[PDB]
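Consider the single chain below, provided in C-alpha cells and representing the form deposited in one PDB entry.
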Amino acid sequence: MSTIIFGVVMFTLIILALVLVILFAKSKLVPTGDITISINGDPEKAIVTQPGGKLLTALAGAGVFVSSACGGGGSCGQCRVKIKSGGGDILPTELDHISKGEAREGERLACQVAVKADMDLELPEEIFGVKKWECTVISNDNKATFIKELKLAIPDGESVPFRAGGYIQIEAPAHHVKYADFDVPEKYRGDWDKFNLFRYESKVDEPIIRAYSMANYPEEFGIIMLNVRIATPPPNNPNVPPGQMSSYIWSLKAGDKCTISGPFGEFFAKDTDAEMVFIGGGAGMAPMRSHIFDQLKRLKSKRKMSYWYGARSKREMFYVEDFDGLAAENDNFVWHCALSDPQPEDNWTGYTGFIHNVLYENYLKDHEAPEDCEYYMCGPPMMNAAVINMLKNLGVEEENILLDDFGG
C-alpha cells in the first residue's frame, strides 16, 4: 500500500517540477514584448503588434488592402510584398511563387513571413490607394446562352481608378438561390434542357469572395460593367452544385445592392509601336472591349490592331454594334469571328472551326514577321492551349504573349 502512495506523490512531483522548469525557462527565453510594423510609410503609419503569427494578419486587422486573390487557398501566389529589414529566411514553399532573381531583392510572401520581430515594409506602389464601395445595380442583362452583363453604379459621383483590362473583387453572403428565380429570355433559355437546369439550386452558409474583369474602359466614367458566366455543373457529373456566387450574381436585377473592391490588374497593354492582336472566346470579350476602346479613344495613337473571336453558334456573339462602329471610324482596327458549330438558324457564311486554326491559316500564315506582334489572349481552356502552341510554333517569344485566364 505504501508503494502506491509513494508512486502517486513521486509522479505528481516529477511532472510538476518539469512543468515549472519549462515555464521558468520560457519567461527568460521569449521576449514577451511589443513591436511596431514599419512601413514605407509615414512615421504614424506603423502598426503596433505583439509578436507572434503571420505578418498578413496585422495588415488585415489594420484594414489595409493587402494583396490576396482566389480566396487564398495557399496557391494564389499574389500575396507578395517587399521587406528591407527583418525579412528573415525564405520558406521553401515560397519558391513556387518567387523566383531566385526576385527573392534576392527582399520580396517575401506575407502568408509565410511570421511577425516575430520588427521589420520594415516597402509596400508596392502605395497599395493604400485601393478602396471599396457600396453600390447599386444599374442593369443585369442577358446576352448569350450562358453570359450576362452586370452594370454597376459608383456612389458620390466617384469613378474607380483603373486601367483597361483590370478586375475587381466581389463578395457574397450566406445565400440560397434556385434556377427558377432566373429571368433568362426564352431565346437563350431553350438550350438548358441538356441538363434540365430548371431542377437546380444552390446555397452557402458563410460568405465567399471572387474576382471579375471589367467590360468598360477608363473613359467610360461613372459605371463599372462586367460580363458574368453562369457556372453550370460539369457534364461528366452534372449532379454537383452550380457556381455558388455565379448563381447569386446571376439573380440580381436593377436597383439591387452590390459591393465592389480591390481594383487590380497585371494585364495592362505594352507601350510600343508594334502591332497588337487580340484573341478570345466566349466570356473573354470584356477585357478585349476594354483594351480596344481604351486604345482607340483614349490613347488615340495610330497603331495596328486586330481582334479574333471564337464561339459555339451565332446566337453567342454580342457587342457587334460597338465593334462595327469602332471599325467604321478607325481603319486601324478590324474584327473577325468564327463559329465552332454554326446552327441551322445561324445562316453562317464566315469561317468555321476553332479560332486558332482560322487565325493561323488566314492571317499569320502569310504574315511578314509574326514574332513582332503582341498577342493578348483570354478564352476557353482549349483556346488557352492551342493559341499558345500555335504562336510558339511560329517563333513568338513569351514576352510577346500575354495570357489572362479565369483563375485556372
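We call the rigid core whatever largest set of C-alpha positions still superposes within 1.5 Å between the two forms. Sequential numbering from 1, following the sequence displayed.
Here the subject shifts to the form deposited in another entry, a form of this protein not shown in this document.
Q) Superposing on the core, which single option in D89, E321, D331, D273 has a CA shift of 2 Å or more between the shown form and the other one? A) Correct option: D89.
(Q) Is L299 displaced by at least 2 Å at its C-alpha between the shown form and the other one when the rigid core is overlaid? (A) Comparing the forms between the shown form and the other one, which are aligned on their rigid core, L299 does not shift its C-alpha by 2 Å or more.
Q. Against the rigid core, is the Cα displacement of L403 between the shown form and the other one at least 2 Å?
A. No, its C-alpha moves less than 2 Å.
Q: Determine whether the C-alpha of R108 shifts by 2 Å or more between the shown form and the other one once the rigid core is superposed.
A: Yes, the C-alpha position differs by at least 2 Å between the shown form and the other one.
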